[PDB]
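Scope of the values below: all heavy atoms of this structure, side chains included, with no hydrogens, waters or symmetry mates. Every chain is numbered from 1, with letters handed out A, B, ... down the list of sequences.
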Amino acid sequence: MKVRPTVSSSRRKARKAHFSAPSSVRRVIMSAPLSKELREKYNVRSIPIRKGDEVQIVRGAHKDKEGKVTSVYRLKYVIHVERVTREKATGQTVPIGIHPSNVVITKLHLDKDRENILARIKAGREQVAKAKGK
Amino acid sequence: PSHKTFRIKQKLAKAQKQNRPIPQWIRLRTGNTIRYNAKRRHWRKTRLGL
Amino acid sequence: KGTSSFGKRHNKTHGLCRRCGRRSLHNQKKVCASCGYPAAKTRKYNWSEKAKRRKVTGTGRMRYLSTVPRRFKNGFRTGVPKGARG
Amino acid sequence: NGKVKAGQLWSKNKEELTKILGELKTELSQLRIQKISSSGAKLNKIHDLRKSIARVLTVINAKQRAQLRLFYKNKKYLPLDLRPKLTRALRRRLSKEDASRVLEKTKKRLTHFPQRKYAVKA
RNA sequence: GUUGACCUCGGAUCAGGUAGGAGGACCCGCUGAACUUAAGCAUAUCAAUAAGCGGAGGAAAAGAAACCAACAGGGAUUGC
RNA sequence: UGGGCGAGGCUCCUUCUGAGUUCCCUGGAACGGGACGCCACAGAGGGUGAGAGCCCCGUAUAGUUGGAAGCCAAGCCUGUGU
RNA sequence: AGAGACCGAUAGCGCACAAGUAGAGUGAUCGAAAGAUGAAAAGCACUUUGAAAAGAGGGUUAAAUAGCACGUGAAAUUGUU
RNA sequence: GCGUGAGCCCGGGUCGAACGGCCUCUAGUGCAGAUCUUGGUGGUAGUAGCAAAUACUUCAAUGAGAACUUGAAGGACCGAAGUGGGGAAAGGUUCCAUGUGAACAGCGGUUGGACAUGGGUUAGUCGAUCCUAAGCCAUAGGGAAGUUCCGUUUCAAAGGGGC
RNA sequence: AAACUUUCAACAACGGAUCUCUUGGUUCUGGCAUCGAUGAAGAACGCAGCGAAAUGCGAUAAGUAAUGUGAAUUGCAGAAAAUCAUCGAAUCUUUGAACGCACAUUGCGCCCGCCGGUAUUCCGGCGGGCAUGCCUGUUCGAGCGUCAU
Ligand SMILES: [Mg+2]
Ligand SMILES: [Mg+2]
Ligand SMILES: [Mg+2]
Ligand SMILES: [Mg+2]
Ligand SMILES: [Mg+2]
Ligand SMILES: [Mg+2]
Ligand SMILES: [Mg+2]
Ligand SMILES: [Mg+2]
Ligand SMILES: [Mg+2]
Ligand SMILES: [Mg+2]
Ligand SMILES: [Mg+2]
Ligand SMILES: [Mg+2]
Ligand SMILES: [Mg+2]
Ligand SMILES: [Mg+2]
Ligand SMILES: [Mg+2]
Ligand SMILES: [Mg+2]
Ligand SMILES: [Mg+2]
Ligand SMILES: [Mg+2]
Ligand SMILES: [Mg+2]
Ligand SMILES: [Mg+2]
Ligand SMILES: [Mg+2]
Ligand SMILES: [Mg+2]
Ligand SMILES: [Mg+2]
Ligand SMILES: [Mg+2]
Ligand SMILES: [Mg+2]
Ligand SMILES: [Mg+2]
Ligand SMILES: [Mg+2]
Ligand SMILES: [Mg+2]
Ligand SMILES: [Mg+2]
Ligand SMILES: [Mg+2]
Ligand SMILES: [Mg+2]
Ligand SMILES: [Mg+2]
Ligand SMILES: [Mg+2]
Ligand SMILES: [Mg+2]
Ligand SMILES: [Mg+2]
Ligand SMILES: [Mg+2]
Ligand SMILES: [Mg+2]
Ligand SMILES: [Mg+2]
Ligand SMILES: [Mg+2]
Ligand SMILES: [Mg+2]
Ligand SMILES: [Mg+2]
Ligand SMILES: [Mg+2]
Ligand SMILES: [Mg+2]
Ligand SMILES: [Mg+2]
Ligand SMILES: [Mg+2]
Ligand SMILES: [Mg+2]
Ligand SMILES: [Mg+2]
Ligand SMILES: [Mg+2]
Ligand SMILES: [Mg+2]
Ligand SMILES: [Mg+2]
Ligand SMILES: [Mg+2]
Ligand SMILES: [Mg+2]
Ligand SMILES: [Mg+2]
Ligand SMILES: [Mg+2]
Ligand SMILES: [Mg+2]
Ligand SMILES: [Mg+2]
Ligand SMILES: [Mg+2]
Ligand SMILES: [Mg+2]
Ligand SMILES: [Mg+2]
Ligand SMILES: [Mg+2]
Ligand SMILES: [Mg+2]
Ligand SMILES: [Mg+2]
Ligand SMILES: [Mg+2]
Ligand SMILES: [Mg+2]
Ligand SMILES: [Mg+2]
Ligand SMILES: [Mg+2]
Ligand SMILES: [Mg+2]
Ligand SMILES: [Mg+2]
Ligand SMILES: [Mg+2]
Ligand SMILES: [Mg+2]
Ligand SMILES: [Mg+2]
Ligand SMILES: [Mg+2]
Ligand SMILES: [Mg+2]
């Protein structure tokens, strides 16, 4: 249950914020879990998804399909996975939009920025665990 | 009339430039709801007030 | 009167006002029927709430007035973030 | 050629910038003239040229205003654009020292009888 | 005698400043109806209201008694 | 009776947050049903292909990473009676 | 900024939409109608008849009697049997 | 199927995401009328009608389709106070070229002032601009609680020529 | 007997009720005090690679600088972030209390300075100025209003 006066449990406000969030907020909204191996390696549970990540689909009709994230369409709150596609009437191939929360990240695109992120998350989680274990 | 002021001529220019159908690629955008130009004006239908 | 007299309608009582843009500037009186130009004060009456709200603040761009709340929130500060190029 | 980064403009003298600006202006101006009569996808380079011109103008203006503020330091009167723009009422209200000025009569009794720190035991 | 003081009154794109408009829910004034009620209607009522005009702020206004009282006396203003 | 510090505290900006997507059935899709687990100072809310605490954002708690220095302040240091 | 024993597209502000908009008036002013395919356009390739609009096959979809005259689809009124 | 009844329940079809019973609480709570409001739809009814301005015809081309497109020919009208050639007000792109499905042109339409895509307005001499008219608005002043009213040269220290 | 009319039923039409939904209203509560001659509110006209409107912006025009984040935007094209957040530096057309005089005119002037045309005088280009009421001060003045030599 919410307590803080700054937090609001209004369904209307929550939906408005979600569906009119700017691109930077949509980045955080479109987070995906890490695989078990990456989670053990980095002590990080979830991260915002990025183009060039390798993911495995764990929900929907395309379960168990793996591939590289080729586009993160924030405007449509979906991602595009390599070879996870569909055919139009003309036979032309179009990507299928997958929500990032329906996939798991099996391999991460890592550059100092993507990593300062992981170090911050790991340090925060470790500190919180230590403080709770005091 | 042939005799026009610059202000009147400028406003006629603006009306002429606004008198057009909407671009086709607009209707292909995600979340688009514009079907047609709803503010279209014709010299025989609706009189513009100068 | 009626149809035959409507054919003599080829003059203009009102032209375009420079202040409000409406075709309400009386061409002979040189006074705007809407905004009261050229009087300094904008014409406004309490018996027309609709007319008041058609031109109250917020119905236009608010080119300058929309930036005041942010400057107030930050305290009308000056200068640059400690450590800025330039 | 193409985009001009603002990072590489802060070290150049006004003259250097104005020169770059000139080239950009010509390039942009020509881009239009050339585009109209030719299939140049560079009809997108006009956005880059316009933004580069804006960047150079911004850098020149910022340098000139910094120099002017340095010049008008410790001067009683400085131009209105250099004067701070808080608010009309804020600029009109009394200064801190004038608002805090008190009479000598008030100052004497404030010196000798201020609000004390006290407690009352139960 | 003229200049020179000082007294008013002026000139100047003189040096530096200030006011206008917006907003006006609330606030301080001015001005000010009639419908209505009275089973009619004129005093009255609506109402010291609506409309009109001037002037502010985050509150405004009021305010440290030419007060209340008549008591064994209270003690600036405001609000419930 | 004048001046100056001032620990320490309250502010402010900023980093960070627990737990299933395990098995079976239906379904285009489980976020439904059944079985077995976990977290809970968090079972507010929202999204995700159907009613999701544990898929994601958030949610609770005082904390914490780094920073600016806005306030208050125990107590100190120091002038001096024309 | 947070809420509700409130209203739920003829309701709720005139306005859930390019609404004080479109439009009317010389003018002061007056002032609407109008939300919903589907999880995803996957928004029907191709063949055939037709001048065309379209039809008939065929295809997509869980579903096309969900086909941009799109959720459901009443009555008045109408056609066929 | 139940109930005297308002109604309640079930079967079948359609459909696609929420909903109901019981006891309390609550109300913007029950429609045939109000020349009720908004919206939709009928009979009338393929009906009234589409009859002022003298009037059309032949061949050919185009086209899916031609009385009202075009060419040629014929027959006619307006008959210089024109159905002619140009302007003022007013309109604002209707002007020109190309193309054209639907809608509009109360019949049709291959045509169009329609729709769509592109073009088109060149001034020292033509106008505006300059002048003053009826008149309007300032100023000095004087009224008015005031929005403002009068005032236009008036109870004003109101300017321009040279070395 | 058909047709026609009517009644009943199935299917198909017409129409948009019903159900469910809701980035919207409405009402209450809490916090805050910040427009403008340093040119506001409002109006006009423009600005995108492909836009008419809405939104945003002002010839630096769907925006520039700066800070933060950290890889997009997306209808197509393109390229090597962003239609991102924040926002302290700037730009900010014609107007508008609107300020040289006007304005139903993109009208007509004056002053200063620079650059050209043989130029203090005319013409052209560029930049900066010229409203009113009032206050303080400055300077130049008027008056037998008045004071001494
Ligand atoms: Mg007449
Ligand atoms: Mg004026
Ligand atoms: Mg507007
Ligand atoms: Mg001066
Ligand atoms: Mg002044
Ligand atoms: Mg005022
Ligand atoms: Mg009576
Ligand atoms: Mg009576
Ligand atoms: Mg009576
Ligand atoms: Mg009274
Ligand atoms: Mg009043
Ligand atoms: Mg208070
Ligand atoms: Mg006060
Ligand atoms: Mg006293
Ligand atoms: Mg008292
Ligand atoms: Mg979490
Ligand atoms: Mg299955
Ligand atoms: Mg759901
Ligand atoms: Mg389950
Ligand atoms: Mg949930
Ligand atoms: Mg409504
Ligand atoms: Mg409706
Ligand atoms: Mg309405
Ligand atoms: Mg009109
Ligand atoms: Mg619908
Ligand atoms: Mg099928
Ligand atoms: Mg159906
Ligand atoms: Mg359906
Ligand atoms: Mg339907
Ligand atoms: Mg029926
Ligand atoms: Mg559904
Ligand atoms: Mg009722
Ligand atoms: Mg009824
Ligand atoms: Mg009845
Ligand atoms: Mg009706
Ligand atoms: Mg009828
Ligand atoms: Mg007939
Ligand atoms: Mg007849
Ligand atoms: Mg006939
Ligand atoms: Mg005839
Ligand atoms: Mg033929
Ligand atoms: Mg004929
Ligand atoms: Mg005749
Ligand atoms: Mg004849
Ligand atoms: Mg004649
Ligand atoms: Mg002619
Ligand atoms: Mg003629
Ligand atoms: Mg005229
Ligand atoms: Mg033509
Ligand atoms: Mg043609
Ligand atoms: Mg017809
Ligand atoms: Mg036809
Ligand atoms: Mg046609
Ligand atoms: Mg043809
Ligand atoms: Mg046209
Ligand atoms: Mg001439
Ligand atoms: Mg001229
Ligand atoms: Mg003159
Ligand atoms: Mg006058
Ligand atoms: Mg006077
Ligand atoms: Mg019967
Ligand atoms: Mg229908
Ligand atoms: Mg409903
Ligand atoms: Mg401005
Ligand atoms: Mg000026
Ligand atoms: Mg000035
Ligand atoms: Mg003139
Ligand atoms: Mg001249
Ligand atoms: Mg020269
Ligand atoms: Mg010159
Ligand atoms: Mg100039
Ligand atoms: Mg001076
Ligand atoms: Mg004198």
I'd like a table of atom pairs between the protein and nucleotides 51-56 of chain E - only N or O on both sides, under 3.5 Å - with the distance next to each one.
residue: E:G52; atom: OP1; partner: C:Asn46; partner atom: N; Å: 2.6
residue: E:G52; atom: OP2; partner: C:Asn46; partner atom: ND2; Å: 3.0

Could you check whether D:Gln64 and D:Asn61, counting side-chain N and O atoms only, form a donor-acceptor pair closer than 3.5 Å?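 Absent: no donor and acceptor within the cut-off.
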Protein and nucleotides 82-85 of chain I: nitrogen or oxygen contacts under 3.5 angstrom:
residue: I:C84; atom: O2'; partner: A:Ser24; partner atom: N; Å: 3.2
residue: I:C84; atom: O2'; partner: A:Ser24; partner atom: OG; Å: 2.8

Which of residues 63-89 of chain D sit near RNA chain G, with a heavy atom under 4.0 Å from it?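 Result for residues 63-89 of chain D: none.
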Using the six-membered ring for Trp and the full ring for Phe, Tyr or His, decide whether B:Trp25 stacks on the six-membered base ring of I:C50 (centres under 5.5 Å, planes under 30°).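 Yes, aromatic ring over the base.
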What string of B, S and - do you get for [range], 5' to 3', when a contact is any protein heavy atom under 4.0 Å?
| range | result |
| --- | --- |
| nucleotides 75-82 of chain F | -------- |
| nucleotides 16-30 of chain F | SBSSSB-------SS |
| nucleotides 115-136 of chain H | SSS------------------- |
| nucleotides 41-47 of chain I | SBSBSSS |

Could you tell me which residues satisfy ring pair (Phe, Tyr, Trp, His ring centres under 6.0 Å) with A:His62, sequence neighbours excluded, listed by chain and number?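 Per chain and number, A:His62 pairs via ring pair (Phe, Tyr, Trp, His ring centres under 6.0 Å) with no residue.
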C:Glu49: what forms a salt bridge (charged side-chain N to carboxylate O under 4.0 Å, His left out) with it, not counting sequence neighbours?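 Testing C:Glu49 for salt bridge (charged side-chain N to carboxylate O under 4.0 Å, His left out), a comparison that skips the adjacent residues, returns none.
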Kindly list each side-chain donor-acceptor pair under 3.5 angstrom involving residues 92-99 of chain D, sequence neighbours excluded, with atom names and distances?
residue: D:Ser95; atom: OG; partner: D:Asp98; partner atom: N; Å: 3.3
residue: D:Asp98; atom: OD1; partner: D:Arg101; partner atom: NE; Å: 2.8

Going by side chain to side chain donor-acceptor pair (under 3.5 Å), name the residues that satisfy it together with D:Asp81, two or more places apart in sequence or in a different chain.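 For D:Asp81 there are no side chain to side chain donor-acceptor pair (under 3.5 Å) partners, ignoring immediate neighbours.
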Per the atom types in the model, does the base of G:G14 pair as donor or acceptor with the side chain of C:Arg53 at under 3.5 Å?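 By the distance-only test, yes, there is a pair.
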Stacked, yes or no: G:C13 with G:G14, six-ring centres under 5.5 Å, planes under 30°?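 Stacking does not hold for this pair.
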Pair up each side-chain donor or acceptor in residues 22-38 of chain C with any protein partner under 3.5 Å, not counting sequence neighbours, and list the distances.
residue: C:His26; atom: ND1; partner: C:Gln28; partner atom: N; Å: 3.4
residue: C:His26; atom: ND1; partner: C:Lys29; partner atom: N; Å: 3.1
residue: C:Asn27; atom: ND2; partner: C:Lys12; partner atom: O; Å: 3.2
residue: C:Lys30; atom: NZ; partner: C:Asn27; partner atom: O; Å: 3.4
residue: C:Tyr37; atom: OH; partner: C:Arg18; partner atom: NH1; Å: 2.5

Which is true for D:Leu43 with a 4.0 Å heavy-atom rule: it touches a base, it touches only sugar-phosphate, or it touches nothing?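 Contact class for D:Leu43: sugar-phosphate only.
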